[PDB]
Amino acid sequence: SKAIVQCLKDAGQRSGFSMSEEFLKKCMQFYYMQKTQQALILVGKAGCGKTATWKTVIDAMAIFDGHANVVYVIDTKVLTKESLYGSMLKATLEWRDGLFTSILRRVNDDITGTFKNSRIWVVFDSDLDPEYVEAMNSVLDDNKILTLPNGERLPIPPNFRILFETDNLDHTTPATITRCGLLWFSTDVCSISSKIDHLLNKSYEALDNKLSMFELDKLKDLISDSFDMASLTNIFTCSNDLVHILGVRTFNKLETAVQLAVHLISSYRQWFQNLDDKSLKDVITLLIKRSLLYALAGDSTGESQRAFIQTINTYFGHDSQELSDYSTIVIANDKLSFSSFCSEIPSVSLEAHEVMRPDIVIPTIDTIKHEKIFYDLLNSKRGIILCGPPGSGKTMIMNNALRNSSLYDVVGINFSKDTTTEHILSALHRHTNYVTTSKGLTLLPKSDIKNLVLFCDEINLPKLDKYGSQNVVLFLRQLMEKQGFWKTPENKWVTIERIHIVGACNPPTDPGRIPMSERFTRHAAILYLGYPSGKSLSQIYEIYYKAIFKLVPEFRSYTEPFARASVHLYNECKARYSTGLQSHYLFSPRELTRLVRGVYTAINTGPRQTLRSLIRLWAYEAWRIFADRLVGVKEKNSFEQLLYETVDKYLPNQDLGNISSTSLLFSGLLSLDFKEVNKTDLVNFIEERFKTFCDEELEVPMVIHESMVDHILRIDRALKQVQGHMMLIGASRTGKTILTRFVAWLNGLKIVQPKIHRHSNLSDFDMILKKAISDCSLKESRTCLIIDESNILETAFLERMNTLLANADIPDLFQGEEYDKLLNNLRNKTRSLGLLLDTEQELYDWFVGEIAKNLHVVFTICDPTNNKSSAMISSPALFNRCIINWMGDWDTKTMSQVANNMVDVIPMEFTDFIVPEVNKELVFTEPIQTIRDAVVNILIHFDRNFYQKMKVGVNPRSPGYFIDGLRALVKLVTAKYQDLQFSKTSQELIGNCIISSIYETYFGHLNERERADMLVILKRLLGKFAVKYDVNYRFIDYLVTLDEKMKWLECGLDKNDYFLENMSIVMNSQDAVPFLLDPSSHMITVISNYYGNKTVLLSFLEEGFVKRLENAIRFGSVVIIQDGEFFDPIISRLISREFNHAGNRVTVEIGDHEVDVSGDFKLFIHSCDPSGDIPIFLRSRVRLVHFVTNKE
Ligand SMILES: Nc1ncnc2c1ncn2[C@@H]1O[C@H](COP(=O)(O)OP(=O)(O)OP(=O)(O)O)[C@@H](O)[C@H]1O
Ligand SMILES: N#Cc1c(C2(c3ccc(Cl)cc3)CC2)nn2c(O)c(Oc3cccc(Br)c3)cnc12
Ligand SMILES: N#Cc1c(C2(c3ccc(Cl)cc3)CC2)nn2c(O)c(Oc3cccc(Br)c3)cnc12
Ligand SMILES: [Mg+2]
């Protein structure tokens, strides 16, 4: 025993470990246990000392036995099973060995090298699960054999031993536990003081060799004694009650303290040589206090730090130099006259246009000290985590700190829900290079001489597996702790050279955030950033307003009240519109930065202003920033009241009028320069242009309305910004996708709409995006890429769109040989434009900038509560770029205007009784007038009643039925009038056509009893107004002639009146596709018996469908399509009637097939069961009809 105890002590002394009794006990335990078992399990907290334990035991054995030690360390859960074990390829049988088997192969077959004279230690340092240990269960059994799907058995020699280093056994089985030796590290192995001594000596190993001995000794004892005092321990005990973010235990922060202290002290070595002891001690103390401060309290929220400073100044001796939060040391005049000063703030003289330089920042004390500590921590070669609320200048501080530097270049990697290690490596590929060396296997240096910083933003979102392992965080742990990784297709080790890791995060309490592993976070210097105190925001924005008001110099004095109004508005918005109403009510200071850039642009491209104009403009900007996202009229009304209050407080001027969102239409369309133009003139301009647009493109009947023109102006404001991405939330059947096309047409943008269907995959969405990006860059084509939620049928599409809007590229699209090709194309393009760039970076910057100004992505979303929609809204890459617009739903006034416009064209015979009714009711639902208003009110009231009865609770209630029934009522009324071309019959035609149009539009999916209740609640509305009717009306007898009545039964229709009404609805619809939901198969026969041999039958599951359907429309055939609880989005142009007009022809894009419609075509859809979901696109265009037998 005694010899092993001695060898252990020697190993620990060489490593600089303190041979604590607990450390000794655990080392001896591990030494004895490994003698009779091969599968060891070591469990404990992060930082227990387990890795130190087993490495020290290995070295002790290396001394005592004289045998060699080969070690392999595998962070196993970064890898997949296929990458660890082997697999089979697509068809080739060739077996890819996988890492663990490849090393076992080398351990056995080699017969060259001292593996027989070596112990082989394969360490699986990660959290373990059943699947992985199960895939190797035969290695733990007495077979001691690795069995492979390849049918071969690999015998393991006695030399091969396995260590499961981990932190938890929650998901491990007793079956494995009972075959292993379990070692539970029930405590930390060493003292805080001894860990400090070890860390000191470790850094001395680096710095001592460079430094000359005379300085070296005096310095290292000058630090050791002061740093080792008891009071510091007192301080640690006074740490444990402080409110740390992320919660790393005090034992795991010493690394940060020692490295930052030693780095700082060593930075002044060239000066220190002249000082007296007193001044030197002072400087040493002050640096150690500053490093202790930020090591222990840097994760605390400001006040804690200023309060903790008092404790540090109290528990150190009062003679020692006092520490203040602002204190910084500056080398004044000659060497050694250091000055401890604060607020050396440079005054920035921003020119007006520099308001929209994204690299700019205001020199504020907070930012100065953050940039300071950031760069010190980076220079110490420690990892960092910049945690802070959304919009706490986490990135701005980094960008400023590193932009000035010429040494530390940046890569940005914006995480999402499912980022992969492949995404990280694909990011790295553009900047990095791989070199082969025998000594370092594959070294990965960066592609130059500098240092490289990986800014991994949103690091706490990647979705963990069911065991809780989020593998990318383990990969980043591997990169820090091990300085490398395994390349698993090659199975060789990669050492990283000079690359640094920086994290950024939103606090773990926010929605959707995952608590990261302590094993990971222990390696990083965590810092907290907070919102800049409000007042400092008033100073920052006072600078911005003064800069932009250099364009209007007489108004320079008002920059203070403008800034104060801006922050006052911000603060009250953030307070009153919280996330408890809607999850998208988030407000950062970036809302104000958008504000000042918008106000700038508006002034820059505007005419001469007066103060009245300035206030109007500022109100417009405030509206389009803050309030466009709001839903609820009470919220908009309170926003108006808030605006009035803010302006009354700060800008008390005399000629402000209504500030309503619809009373301040600033435009840049009619006039060359941006100014508040008149609504009438806008109306007439939009009418003529939209008519011309419809004539030039397709035939869509749309009636101009004031909401439409407002939303037009909002989309124009979006599309004219340099990098404006819009998102249009709201219902279906409300013009989104045609308004965006219209405004794109006005702006001369190209339009793109992805053509994805039931089989399109990632590869296809990749070809779409590569096409778009190549047009935007090489052709400069300025494309409006329109996306709908239906297009992202898997989350991979959403991750790519996140990468796009987060950056201005997809690295994965241009990797490898495609990168070399791309580089060649850009060289040719640039030289064709006469600007010449040589090195890859310059051209890629040009590339990315051209994308960033020539690509506008617009997301329509029909129902926000859908899980896909919720993911798109919740995506941070989308949310922090997309101007959110809430179109929502149509109001009563808009419905009345649209209805009145449609009703006015139709002739209306005078009816004597329509006037005396007016006096009576006074419900106040439209100005009292004539039949036109009476009809409008009846339609609006019925639509409201119907959406009460259907049980549709919140917002999925598009105006589709309203528009369709209104259009069908013109066809009825004017047809019946032609039939009439009596004195008791003419006037009830109105009521009967009202009823008829309603049955056509609303009744098709109602049960008989629901139809009865509708009929009652309608009938009362007619008798509620002047609309008399046939009291004995019957829909069947009114609409269906006796010949048709028989003809259907001859075709085999069931003699049930409910079926007769349904058949009337489906045959009487013109330009609307019936959707026949009949599980009882029979309809697909009655239709065929009616139309005869010329009835084609098709299916979404017959994979020849698309070509045969094109053929069918070429023939003018009737078509029925089976299996409706399936849809193929390529057919949408048949369903949503649209056809690009031609002179001679009338054409439709059925995919890329620009097919001419043979007129006589008729589409029916059928479906076999009501449990099949109907996509909302179909469900709001298509006439849904149910033949299902009903018990009622
Ligand atoms: N006897 C000792 N004397 C001095 N320092 C020690 C001693 N034991 C452990 N340490 C210090 O504690 C540190 C953390 O322990 P170790 O590196 O083994 O982490 P770990 O327990 O393996 O945690 P993880 O689960 O994160 O891998 C060591 O780097 C070392 O600096
Ligand atoms: N322009 C700007 C901008 C500003 C303002 C600013 C504040 C202080 C100073 Cl001295 C200068 C400017 C203009 C108000 N703050 N600000 C941030 O906080 C950011 O923080 C992030 C970064 C990445 C992800 C997430 Br989530 C949040 C990003 N940009 C900004
Ligand atoms: N005709 C027509 C048309 C209509 C209606 C209409 C509305 C306003 C007016 Cl003035 C006239 C008619 C007929 C009810 N809505 N509508 C859209 O919503 C469109 O964009 C989409 C498409 C799919 C999903 C989503 Br979400 C948006 C494109 N065209 C139309
Ligand atoms: Mg370890």
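Residues numbered from 1 in each chain as written, not as in the entry; some residues may be left out. Chains lettered and ligands numbered in written order. Heavy atoms only, no water.

Method-wise, the PDB entry is recorded as coming from cryo-EM, at a reported resolution of 3.50 Å.

Q: Could you give me a rundown of the nonpolar core, with the residues and numbers involved?
A: The biggest cluster of nonpolar side chains holds 97 residues, and the ones touching the most others in it are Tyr545, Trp618, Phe639, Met801 and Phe859. Counting residues per element, this core draws most heavily on helix α24 (residues 611–626), which supplies eleven residues. With near-sequence residues (within four places) excluded, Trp618 lies in contact with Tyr545, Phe562, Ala565, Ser566, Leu569, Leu595, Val599, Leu643, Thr646 and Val647. Counting 67 residues, the second-largest nonpolar core is a separate cluster that includes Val43, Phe115, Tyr132 and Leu140. (Core = buried A, V, L, I, M, F, W, Y, C linked by side-chain atoms within 4.5 Å. Buried < 20%, exposed > 50% of the residue type's maximum accessible area, 1.4 Å probe, protein only. Helix = DSSP H or I, 4+ residues; strand = E, 2+ residues; numbered from the N terminus. Contact = heavy atoms within 4.5 Å.)

Q: How would you explain unusual backbone geometry if you had to name every residue and give the values?
A: The phi torsion at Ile111 lies on the positive side, around 50°, for a residue other than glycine. Topologically, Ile111 is positioned in the loop between α5 (99–109) and β3 (118–123). Notably, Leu441 is not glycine yet its phi reads approximately 50°, a positive angle.

Q: Tell me about the packing of helix α12 (residues 254–267) against helix α14 (residues 277–297), and please be specific about residues and values.
A: At their nearest, the axes of α12 and α14 sit 9 Å apart, and the two run at 145° to each other. In the packing of α12 onto α14, the handedness of the crossing is right-handed. Residues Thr256, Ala257, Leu260, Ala261, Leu264 and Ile265 of α12 pack against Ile284, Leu287, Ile288, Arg290, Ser291, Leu292 and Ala295 of α14. Here the contact of α12 with α14 is composed, by residue class, of ten nonpolar, two polar and one charged. (Axes fitted to C-alpha atoms, helices over the stretch in contact; angles between N-to-C directions. Left-handed = near helix turned anticlockwise from the far one by under 90°. Nonpolar A, V, L, I, M, F, W, Y, C, P; charged D, E, K, R; others polar.)

Q: Could you give me a rundown of the coordination of the magnesium ion (ligand 4), with the residues and numbers involved?
A: Those protein atoms acting as donors to the magnesium ion (ligand 4) are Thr51 (OG1) and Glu165 (OE), and they sit at 2.0 to 2.6 Å. Here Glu165 lies in strand β6 (residues 160–166) and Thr51 lies in helix α3 (residues 50–65), a separation of 114 residues in the sequence. For the pair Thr51 and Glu165, one class covers both residues: buried. (Donors = N, O, S within 2.8 Å, 3.2 Å for Na, K, Ca; no water.)

Q: I'd like a description of the side chain of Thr101, backed by residues and values.
A: Structurally, the position occupied by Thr101 is in helix α5. When near neighbours in sequence (up to four residues on either side) are disregarded, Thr101 contacts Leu84, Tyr85, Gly86, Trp95 and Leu148.

Q: So what about the site of ligand 3? Which residues, and what values?
A: Close to ligand 3 lie 16 residues; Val703, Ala731, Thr734, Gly735 and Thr737 are nearest. Between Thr734 and ligand 3, the recorded distance is 2.7 Å, taken from a backbone N or O atom to an oxygen atom. One nitrogen or oxygen atom from the main chain of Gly735 is found 2.6 Å from an oxygen atom belonging to ligand 3. The element best represented in the shell around ligand 3 is helix α28 (residues 736–747), accounting for three residues. (Near = heavy atom within 4 Å. Polar contact = N/O pair within 3.5 Å; in protein donor to acceptor, adjacent residues only side chain to side chain.)

Q: An account of the pattern of salt bridges is requested, with residue identities and associated values reported.
A: Evaluated as defined, the whole model comprises 54 salt bridges. A salt bridge links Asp125 to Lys482, with the shortest nitrogen-to-oxygen separation between them at 3.4 Å. Of the two residues, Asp125 is situated in the loop between β3 and α6 (130–134) and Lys482 in helix α19 (residues 471–482); the sequence distance between them amounts to 357 residues. By relative accessible area, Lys482 is classed as partly exposed at 23%. (Salt bridge = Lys/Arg side-chain N within 4 Å of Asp/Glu carboxyl O.)

Q: Give a description of the environment of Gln721 that names residues and reports values.
A: Relative to the elements of secondary structure, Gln721 occurs in the loop between α27 (706–719) and β21 (725–730). Judged by relative accessible area, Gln721 falls into the partly exposed class, the value being 27%. Considered as a pair, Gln721 and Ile906 are 185 residues apart in the sequence and their alpha carbons are 43 Å apart. Residue contacts for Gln721: discarding those within four places in its chain leaves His856 and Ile883.

Q: Go over the site of ligand 1 with me, naming the residues and quoting the values.
A: Neighbouring ligand 1 are 17 residues; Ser18, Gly49, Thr51, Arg519 and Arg522 lie closest to it. Within the backbone of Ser18, a nitrogen or oxygen atom sits 2.7 Å from a nitrogen atom of ligand 1. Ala52 is positioned such that a nitrogen or oxygen atom in its backbone is 3.2 Å from an oxygen atom of ligand 1. For ligand 1, whose free accessible area comes to 640 Å², the fraction covered by protein is 91%. Mapped onto the shell around ligand 1, the elements with two or more residues apiece are α3 and α9 (192–210). Among the elements that line the shell around ligand 1, the one with the most residues is α3, at three residues. (Areas by Shrake-Rupley, 256 points an atom, 1.4 Å probe, with all protein chains shown as cover.)

Q: Before we move on, can you summarise the packing of α9 against α12 with the specific residues and values?
A: Orientation of α9 relative to α12, taken along the N-to-C sense of each, is 40°, at an axis distance of 10 Å. Between α9 and α12, the angle is such that the two are oblique. Regarding α9 and α12, the two cross each other, and that crossing is right-handed. Listed contacts from α12 to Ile192, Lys195, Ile196, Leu199, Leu200, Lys202, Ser203 and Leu207 of α9 are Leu254, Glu255, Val258, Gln259, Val262 and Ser266. The residue inventory of the contact of α9 with α12, partitioned by class, reads eight nonpolar, three polar and three charged. (Parallel < 35°, antiparallel > 145°, perpendicular 65-115°, else oblique.)

Q: Help me get a handle on the pairing of strand β9 (residues 338–341), residues and values and all.
A: Within a regular strand, side chains alternate between the sheet's two faces. As paired strands, strand β8 (residues 328–331) and β9 are joined by four bridges and run antiparallel to one another. Of the residues in β9, the one forming a bridge with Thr328 is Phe341. (Pairing = 2+ DSSP bridges.)

Q: Outline the sheet that holds strand β10 (residues 383–387), listing residues and values.
A: As summarised here, the arrangement of the five strands in space is β11-β14-β17-β10-β18, forming an open sheet in which the pairing is parallel. At either margin of the open sheet sits one strand with a lone partner, and together these are β11 (408–414) and β18 (524–528). On average, each strand axis in the sheet is tilted by 20° relative to the strand beside it, whichever way the strands run. Bridge count between β11 and strand β14 (residues 451–457): seven bridges; the pairing is parallel. Its bridge partner being in β14, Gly412 is matched across the sheet by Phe455. The strands touched by helix α17 (residues 394–404) within the sheet are β10, β11, β14 and β17 (499–505), with β14 carrying the most contacts at an inclination of about 170°.

Q: So what about the environment of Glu676? Which residues, and what values?
A: Mapped onto the elements, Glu676 comes out in strand β20 (residues 675–676). Along the sequence, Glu676 and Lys381 sit 295 residues apart, while their C-alpha atoms lie 56 Å from each other. In contact with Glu676, not counting residues within four places along its chain, are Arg616, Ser663, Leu664, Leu665 and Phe666. Within polar-contact distance, the side chain of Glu676 engages the side chain of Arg616 at 2.5 Å.

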